[PDB]
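Asker: Have a look at this one.
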Amino acid sequence: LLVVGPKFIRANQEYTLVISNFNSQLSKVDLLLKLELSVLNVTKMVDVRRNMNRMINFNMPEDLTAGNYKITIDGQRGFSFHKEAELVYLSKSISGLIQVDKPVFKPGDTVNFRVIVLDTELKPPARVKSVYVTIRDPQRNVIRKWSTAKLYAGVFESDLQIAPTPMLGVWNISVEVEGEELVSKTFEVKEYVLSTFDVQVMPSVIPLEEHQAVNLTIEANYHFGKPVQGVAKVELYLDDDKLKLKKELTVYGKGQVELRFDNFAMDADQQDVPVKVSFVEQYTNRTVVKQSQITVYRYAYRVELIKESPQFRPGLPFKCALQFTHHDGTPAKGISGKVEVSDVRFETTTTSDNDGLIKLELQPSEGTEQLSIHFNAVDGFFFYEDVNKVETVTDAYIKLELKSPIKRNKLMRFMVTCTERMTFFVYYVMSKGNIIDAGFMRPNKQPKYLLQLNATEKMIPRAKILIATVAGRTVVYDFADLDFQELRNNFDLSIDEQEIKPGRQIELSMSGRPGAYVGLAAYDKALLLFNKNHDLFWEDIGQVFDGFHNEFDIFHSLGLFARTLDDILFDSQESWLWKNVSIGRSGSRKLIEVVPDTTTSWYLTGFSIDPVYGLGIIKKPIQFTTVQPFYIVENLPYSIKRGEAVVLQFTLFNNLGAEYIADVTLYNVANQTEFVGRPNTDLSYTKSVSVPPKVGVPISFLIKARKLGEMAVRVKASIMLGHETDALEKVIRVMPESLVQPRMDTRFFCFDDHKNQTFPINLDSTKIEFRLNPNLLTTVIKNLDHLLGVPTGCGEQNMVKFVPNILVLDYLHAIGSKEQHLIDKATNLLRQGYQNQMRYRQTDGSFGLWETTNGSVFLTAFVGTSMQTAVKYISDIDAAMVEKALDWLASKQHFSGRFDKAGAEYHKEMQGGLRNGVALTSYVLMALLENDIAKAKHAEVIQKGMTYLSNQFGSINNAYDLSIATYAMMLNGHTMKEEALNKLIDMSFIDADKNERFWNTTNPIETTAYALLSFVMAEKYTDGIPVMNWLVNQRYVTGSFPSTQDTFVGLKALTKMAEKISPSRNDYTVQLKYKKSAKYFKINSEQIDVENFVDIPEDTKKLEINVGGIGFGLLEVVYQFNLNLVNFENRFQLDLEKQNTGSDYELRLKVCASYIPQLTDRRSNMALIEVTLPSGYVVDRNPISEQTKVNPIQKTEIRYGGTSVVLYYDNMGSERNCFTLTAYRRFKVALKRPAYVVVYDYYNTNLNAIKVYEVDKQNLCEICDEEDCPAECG
Ligand SMILES: *[C@@H]1O[C@H](CO)[C@@H](O[C@@H]2O[C@H](CO)[C@@H](O)[C@H](O)[C@H]2NC(C)=O)[C@H](O)[C@H]1NC(C)=O
Ligand SMILES: *[C@@H]1O[C@H](CO)[C@@H](O)[C@H](O)[C@H]1NC(C)=O
Ligand SMILES: *[C@@H]1O[C@H](CO)[C@@H](O)[C@H](O)[C@H]1NC(C)=O
Ligand SMILES: *[C@@H]1O[C@H](CO)[C@@H](O)[C@H](O)[C@H]1NC(C)=O
Ligand SMILES: *[C@@H]1O[C@H](CO)[C@@H](O)[C@H](O)[C@H]1NC(C)=O
Ligand SMILES: [Cl-]
Ligand code: NA
Ligand code: NA
C-alpha cells in the first residue's frame, strides 16, 4: 500500500489524498481515515480495490486557525496497517523575500534592500498592494518604518543610512502584511577596527612531482584592505624523512617563496605536505600563524567516471564518460590515452573533448557480468573503475523523461523507464501544493511504458509530476517539472564573452517579458566569504521558484508526505550593479555599466517579476573576475607637525606577466611639501623601482610639511612608458605644536531706521580673520555636523547632533524661510541624530550618560521632550518610546513636586541637591512646558512641580537655579513669574563700557541664556539687547558656544530674541577698513543665510568697521592663537611617566589624574582625559591597561587614526585615577615635536591640567634612505 497526500493545509483548498493498492494477496482493502487543538474531526470509511488508485477529497473548513493537525490511515478488518503524518497549517496565500545589497555594513554606509512579495502562482498578489516594513537596531529600537510600502510588480525598494557612530551588531529588517509577519532578514553593522590581520598561503602554481619544488604565495592583509609588512617564516614538513624546509622573507602585503625538495618521490600519485607560515607584523611584532596541507601531484590531471546510472542494465546501452579535470577543478582538454573495456571487446584511442570528457556508449550483452573501464596514457597515468549490473534489491530505479513539449490543453508525453519489467507504477500531479491528478498504470510486464496525460487548467502555469513503483521491497521514484513555457517569465541575463576589465565598461544583455520588472545585484565573493553561514538571497529566491527545503527528501520538497508498508523502504567598498530596470518593448533591454577599479571576483545575479507571468530567474549566478593590471597603495600617518621629517611609505603591485620598472612621482601641491634634500622650488620628485609580478614592492619619500592644514598627498605611478597607470589623492593633517584655542569677538547691530555707525576694534604668531554674517545660524548651519572643538561621546553631549538641528528648523519655520538646501540639511542630520541618541536609551525606557548605565532624570527629560519636539520635522521617531521615557521621568517625581538626580553626577549645578533640587526640578518642568503634547499628557507633574517652586521661591538665592525656575514660570504663566524675573534681574551684572548685561555664576552662559529667554517671553526687548551683546560675544568660532548645554540654551535664546528684534529687511553696507586698504560688503537680501563674507586681516594692530543702512548683522573677528606648548594646572593634578618597554617602537605611557578638592567642592563635573600621541605613533586594539578600579573609565574613544584617545569619567575627586596607554611607532618620523596629555572638567573647562611629554629621538640620518640623506650627515 502506498499513501501520498500533501503535507500542507489551507483554509479552503481541497485536500486530496491518494491511496495506491498494489498488494496482490487480497482483492480489496478497507481503511479508516482520521484527520484532526482539534478544529477538525473528519473521518471516512473507505474502500480501495486491488491494483487501483483511490482519490479521497477533504473539504477544509474556512475557519481554520493555527493548531496541531494529523492524518491517520488505519487498516480495518483482516488487514493490519497503521500510518500517520503531521500536516502543517498555512495561514498565508503569499510568501516574502528580502534582498540586501550587502551582508555586512560599516558606519558611514547606506543599506539598500528590496522586499519581494509573491502569491501561490509566483506573481504579485492582486489583493496585496502595500506592505508594512520596519528596521530596528541590535537593541530593538525602531529606526525606520514604512507603514504603507507600495509594491511595484510585487517589489518594494528603499534604503537606510547608517549613522557615523551607529549601534553595532545585528539589525533586523521586518515585513508585515495585515499585521502579520511575512518575512524578516538580518544584516550586520560592524566596525573595521580589528587591527588584526588575515594571512593566506596557497601554491602560486599547482605543484607537480617533476617540479621537485613548491612555489607559495604568502599574502597578509588587514580586514579593511591595506597590505601588511612583516617577516614570514615558512616551514614545510616532510615527516616520512623527519625533514623540514625553512625559508624567511620580508613580505610587503604579498610575496612569493620557492621551496626545493631534495629527492621527492611519492609512493602514490598524490601527497599532502603540511606547511606553517608565521607572519610577524613589522614593529608591533604581532604574530599570526597560518597552516595548510599542500598537495603535490604526479600528473597535471585527474579522471573520474560519470555514469548515467550507478549500475548498468544487462542487455541495454550504458552511457558514461571519463571526466578529465585539472587539479583546480577546471576542464582538462586534449588529454590523450587509450580507453578499453575488455568485457565488451571495446577500445578507443582518443583525446578528451573541449569539455574534458571522453564520452562512452558501451553495450553489455545479457551475459556480461561487469564493465571494467580502463584508461591508460603514455605518461604512465592509469584509471580503472568497475561498473556492476543492477541488483533489484538495492539498485532498481525508475526514471521519467519528457518526450513532448508541455503546452496548454495538449497532451504531455513521457517515457517511463524502469530497470524491472513493471507490473505497475503510479503517477501524481501537483500544482499549488495540492494533488491535481493521479493514476494507477499497469505496464504489461514491460521495462518501458509511454505515459500520456491531458494538461488541465488546474496545472497552469506551474505543476510537477511524480512517478513511483515498488521494486523488490523499496519505493523507487523520479519527478519532473511541468513548466508551461508559453505562460512563464522567460528571463535571462548575460555578459559579453570577453575579459571584463577594471575601469572599462561592460554590456549587460537581458531578455524576458516586455512589462517585466528586473532586479540586478552584484556581490564580490569576499563579502560572501566572511558571511555565507546566514541565508544567501540567491538560494532563497531559487527555492521559491521550486519547493520547500538531513538527506534530500523528494516528498518534503514536493510539498507531500509518503507512507507505506512497514517492510517497504523509500529510495534516495561600495555596491555595484544594484540597478532595477524594465525589459521594454522588444522583449529585451541592454544595460551598460562601468566596472569598478578593483581586483576581485564577482557574483552577478538577476531576477524578474512580470505582473502577469510572474517570477523569472537565471539558472546560476554569472561570474567573472576583474584584475587591476597595476596599482599603488598608500600607508600614511593621520597627522604630522610642521618641521617634522616624515617617510611617506607606499607599496606597488604588478599583475601583468612580467617584471616592469615602475616610476612613482610624488607631487608638491601648492608649496605644501618639501622633499628633504631637494630645493624648495621642485614641484615633484620621481623615483623608480623594479616590480616583479604578484610581489609587493615598497617605495617611499622623505618629506617635511610647510603649511598647517591639509597636505594633499598626490602620487602617480606607471610601468610601461605610461601604458599602465594608477594615481592616489590622499590627505595628511598638518597640525600646530600646541592645541590652538580660537577666540571669537563678535558685535551685532540691529538697525530699524537708516543708521550710520562706526565700530573700532583693538586686536591682540597669531592668524586672524574678520567675518560678516547676516544671521546667527549662518555659520552654525554650515558646521551642523561638527559644531564643537571638544569630544561629545556621552549621552548629554551627543545631543549636539540632535538639538541644534531642531533649533535651526524651529527658526527656519518661524521666519518662513524657503532656502530648501538648509531645511534638507538640518532634517537629514536630525534623522541621523535620532538613531545615534538611541544608543543611550536604557532597558527601563530612560536615558543614561553611557550606552549602559543608570538613567538620568535630567537626560531623560532633556532627550524625551526634545524628541517629542522633533516629531514635527521627521516621522521616524517612536512615539511609544517617548511615552515610556516621560513615564519613567514622571514616576521619579516626589510627592512634594521635587526632582532628585538619578545615576552619576556629571553636571553638579543641575543635578546637585545642595539647594533643594530647584535647578533640576525647574529644568524638568521647563522641558515639559516647552512642548504642548508633553504639557498635556503630564499636567500632573507640572502642577505638583510649580507648587514646589512656589514653596521654595523665598530660598532661591542662586542665579542659575533662579533663571531656570523663572523661565519655567514664564512658560507656565505662573502668578509668581513677574516676581521671579525681577528677583533674577536684581542679581545681574553689567559692563557699562561694553553695554553688556549678564549673570556671574559658574555656568554664566546657561544662566544668562535662560534669563534672556524670560526677557523674550516678557517682551523686554530693549533691556534684552545688552544681554544679547554679552551672549553673542561668548560664541565659539562655529557660531555655537564652546560646550553642550551652553549651546542648547544659548542658541535657543539668541534665535528667539533675534526673531523679535530683527528688521523685516536687510539693506546695509559694511566698510572694513584696516592698515590702509578697505574691503567692502553689501547685504540687501533678508532671507539669505548661506553666505560667506570671510576676510583675512594681516599682522595688524587696529581695525575699523563702518556699517550703514538697515537690517541685522554680526561683525566677527576670529583669532587663531598659537601659544607655546607648556605644562599647566588649575584644580587638577596630572602626572605622566613613560615606562621602560625594551623596544624603541613601543610606548607605554602611565597617566595619573586627580581633582584638587577645595572646601565644599570635593569632586569635579564629568571629566575627560585626552591623550595625544607623537607623530607616527598609533594605538593598539585595546590600548588601555592597569586601570584603577576606584573610579572607572566609563568610555574609551579612539580617534584620528589611532592618534588620539579620549577617556571619560563621571567625575574625579582626590583619588588617583591612573591607567597605562600602549602605542606603537608605525611611521618613520624625525625631528618629532612633543606631544601632550590633558585632563579637564567638561562643564567648566577653566579647571584643567596639561602635561607635555617627549619620546626617544629618531635621527634624520637613520630615517632617510641613501639617495636623499642630506648634506649634514654620513
Ligand atoms: C526601478 O524600480 C522602481 C520601483 O522601485 C521604478 O520606480 C517607479 O516607477 C513607476 C513608474 O515607472 C512609478 O509608478 C513609481 O512612482 C516609481 N517608484 C519609485 C518609488 O520611484 C523605476 O522606474 C525602476 N527604474 C527603472 C529605470 O526601471
Ligand atoms: C527579527 O524580527 C522578527 C519579526 O519581525 C523576529 O521573529 C526575530 O526574532 C527577530 N530577530 C532577532 C535577532 O531577534
Ligand atoms: C616557481 O617560482 C619560480 C620563481 O619565480 C619560477 O622560476 C618557477 O618557474 C616556478 N615553478 C613553476 C613550475 O612554475
Ligand atoms: C565672576 O565670578 C568669578 C568667580 O567668583 C570671579 O573670579 C570674577 O571676578 C567674577 N566676575 C565679575 C565681573 O564679577
Ligand atoms: C620587534 O622585534 C624587533 C626585532 O626583533 C625589535 O627590534 C623590536 O624591539 C620589537 N618590537 C617590540 C614591540 O617588541
Ligand atoms: Cl539626573
Ligand atoms: Na566680555
Ligand atoms: Na625625533
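Chain labels follow the order of the C-alpha cells: the first chain is A, the next B, and so on; residue numbering restarts at 1 in every chain, and ligands are counted from 1 in their shown order.
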Just the helix (DSSP H, G or I) stuff from stretch 135-355 of chain A, please, per backbone DSSP, written as a VMD selection string.

Answerer: chain A and resid 209 to 211 239 to 241 342 to 344

Asker: Hey, which residues come within 8 Å of ligand 2 if we count only C-alpha atoms and all ligand atoms? Could you give them as a list in words?

Answerer: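 Counting only C-alpha atoms and all ligand atoms, the residues within 8 Å of ligand 2 come out as residues 138, 170, 171, 172, 173, 174, 175, 176, 181, 183, 184, 185 and 186 of chain A.
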
Asker: Determine the nearest neighbour of residue A:750 from the options A:1065, A:123, A:504, A:894, counting only C-alpha atoms.

Answerer: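 Using only C-alpha atoms, the shortest distance to residue A:750 belongs to A:1065.
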
Asker: Please identify the strand (DSSP E) residues within stretch 152-335 of chain A (assignment by DSSP from backbone atoms) and present them as a PyMOL selection string.

Answerer: chain A and resi 155-161+169-176+181-189+197-203+213-222+229-238+243-252+254-260+270-281+287-297+301-307+318-326

Asker: For a test of reading the model, state the distance in Å between atom CA of residue A:1096 and atom CA of residue A:670, rounded to one decimal.

Answerer: 19.0 Å

Asker: Which of these residues is nearest to ligand 5, using only C-alpha atoms and all ligand atoms: A:168, A:422, A:1072, A:280?

Answerer: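 Among the listed residues, the smallest separation from ligand 5 belongs to A:280.
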
Asker: At a cut-off of 8 Å, using only C-alpha atoms, what residues contact residue A:74? Leave out same-chain residues fewer than 3 positions from it and give the result as a CSV table (one decimal) with N, CA, C and O atoms, in the first residue's frame.

Answerer:
chain,number,residue,atom,x,y,z
A,31,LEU,N,-10.1,0.7,4.8
A,31,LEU,CA,-9.3,1.7,5.6
A,31,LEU,C,-10.2,2.7,6.3
A,31,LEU,O,-11.3,3.1,5.8
A,32,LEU,N,-9.7,3.2,7.4
A,32,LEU,CA,-10.3,4.3,8.2
A,32,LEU,C,-9.4,5.5,8.1
A,32,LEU,O,-8.2,5.4,8.2
A,33,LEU,N,-9.9,6.7,7.9
A,33,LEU,CA,-9.1,7.9,7.6
A,33,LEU,C,-9.5,9.1,8.6
A,33,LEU,O,-10.3,9.9,8.2
A,80,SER,N,-3.7,-5.5,8.6
A,80,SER,CA,-3.1,-4.6,9.6
A,80,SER,C,-2.2,-3.6,9.0
A,80,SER,O,-1.4,-3.9,8.1
A,81,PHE,N,-2.4,-2.3,9.4
A,81,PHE,CA,-1.8,-1.2,8.8
A,81,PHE,C,-2.1,0.1,9.6
A,81,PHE,O,-3.2,0.5,9.7
A,82,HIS,N,-1.1,0.7,10.2
A,82,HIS,CA,-1.2,2.0,10.9
A,82,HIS,C,-0.2,3.0,10.5
A,82,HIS,O,1.0,2.8,10.9
A,83,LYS,N,-0.6,4.0,9.8
A,83,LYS,CA,0.3,5.1,9.4
A,83,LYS,C,-0.2,6.5,9.7
A,83,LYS,O,-1.4,6.7,9.9

Asker: Check which residues fall inside 6 Å of ligand 6 when counting only C-alpha atoms and all ligand atoms, and print them as an MDAnalysis selection string.

Answerer: chainID A and resid 856:858 901:902 911

Asker: Which residue is closest to ligand 3? Choose from A:260, A:462, A:704, A:619 and count only C-alpha atoms and all ligand atoms.

Answerer: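 Answer, going by the shortest atom-to-atom distance: A:260.
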
Asker: At a cut-off of 12 Å around ligand 3, and using only C-alpha atoms and all ligand atoms, what residues come up? Please write them as an NGL selection string.

Answerer: :A and (203-217 or 255-260 or 296 or 300 or 657-659 or 692-695)

Asker: Of the candidates A:70, A:907, A:359, A:1257, which one gets nearest to residue A:9 if we count only C-alpha atoms?

Answerer: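 Smallest distance to residue A:9 is found for A:70.
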
Asker: Write out as number ranges by chain each polymer residue (protein, DNA or RNA) that has an atom no more than 12 Å from ligand 5, with only C-alpha atoms and all ligand atoms counted.

Answerer: A: 230-231, 280-287, 1140-1148, 1180, 1222-1226

Asker: Residues within 8 Å of ligand 4 should be enumerated using only C-alpha atoms and all ligand atoms and returned as a count of residues only.

Answerer: 6
